[PDB]
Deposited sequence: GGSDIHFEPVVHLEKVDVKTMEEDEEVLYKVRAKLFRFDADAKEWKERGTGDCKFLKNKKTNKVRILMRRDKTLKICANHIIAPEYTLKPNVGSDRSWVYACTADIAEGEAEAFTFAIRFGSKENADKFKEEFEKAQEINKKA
């Protein structure tokens, strides 16, 4: 005989798409990029609740972390056929839960519409 020498594990990925996330700066009446990367819908195996979790490329820092609440409504932005705007009441990407008006843009209108499909599925999951 010779002797020899994130907190995402509890979750299931329902949907994943590349996206660019914006937040509306009301004071400046300006949209401001918050991050670009993979947006994931994560389903908790113990609570069955689905959240959005999005991290920036390379640095991997969180730019979105909130429940896909059934109260939310995806609306179109005047300048895009591949984006959705919605109000978020509690996102903890940068610390304490805070309300944001988000906009999320995708590589194509097809991806945007699929996102909306999955988004509304996740809302019903969270309703039960």
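Taken in order along the deposited sequence, the stretches absent from the coordinates are 1-5, 11-19, 143.
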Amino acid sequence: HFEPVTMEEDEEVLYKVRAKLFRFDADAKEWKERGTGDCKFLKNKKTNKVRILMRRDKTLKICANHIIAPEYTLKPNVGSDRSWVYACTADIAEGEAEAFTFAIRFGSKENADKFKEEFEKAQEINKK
From here on, numbers count along this sequence of modelled residues.
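Per the compared records, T6 is unresolved in at least a third of the other entries whose models span it. Look at the mean CA B-factor for 76-84 and for 47-55 in the entry; the higher one is 47-55. Set 103-111 against 10-18 and average the Cα temperature factors; 10-18 ends up higher. Of all the options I68, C39, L42, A97, the entry's greatest CA B-factor is assigned to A97. Looking at the C-alpha B-factors along this chain, the one for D27 belongs to the highest third.
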